[PDB]
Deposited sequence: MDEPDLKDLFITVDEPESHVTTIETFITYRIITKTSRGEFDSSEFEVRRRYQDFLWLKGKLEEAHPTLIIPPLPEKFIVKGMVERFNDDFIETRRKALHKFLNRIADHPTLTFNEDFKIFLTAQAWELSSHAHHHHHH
């Protein structure tokens, strides 16, 4: 039998880090998602995502909800990408983006949003 849930999500976006792979360096953001303000009987996942991962998500949401305007993620086309203002501006925008999806009555239940918030979870 089911335990009824209010379908609340609380999302933070923080701790930007440089991810240096062998072929590319890019910034990632820590996304922590909680389903409750309580200590017990709840879900909490921590993942790390780059901006391209958010663009993937936006596209999936657009495809699934073609009559909606999905919350925007503007970008203007080698130093600035690692600039403190650039990163902090983006962090705030990504937090706003994820909150808008989380609060939206159809977008919040999208399967790719769920995968986005949970895949490759960190301890």
query: Chain regions without C-alpha coordinates, deposited sequence numbering; finding: 78 to 81, 128 to 138
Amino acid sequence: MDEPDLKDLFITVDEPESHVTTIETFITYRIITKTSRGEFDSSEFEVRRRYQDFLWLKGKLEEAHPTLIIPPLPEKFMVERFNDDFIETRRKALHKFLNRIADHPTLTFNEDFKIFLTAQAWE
From here on, numbers count along this sequence of modelled residues.
{"query": "Between the two ranges 37 to 45 and 53 to 61, the one averaging a larger CA B factor in the entry", "finding": "37 to 45"}
{"query": "Mean Cα B-factor comparison, 78 to 86 or 93 to 101, giving the higher one as deposited", "finding": "78 to 86"}
{"query": "Largest Cα B-factor, entry values, listed residues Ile115, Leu107, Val13, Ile23", "finding": "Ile23"}
{"query": "Within-chain third of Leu68 by Cα B-factor, per the entry", "finding": "middle"}
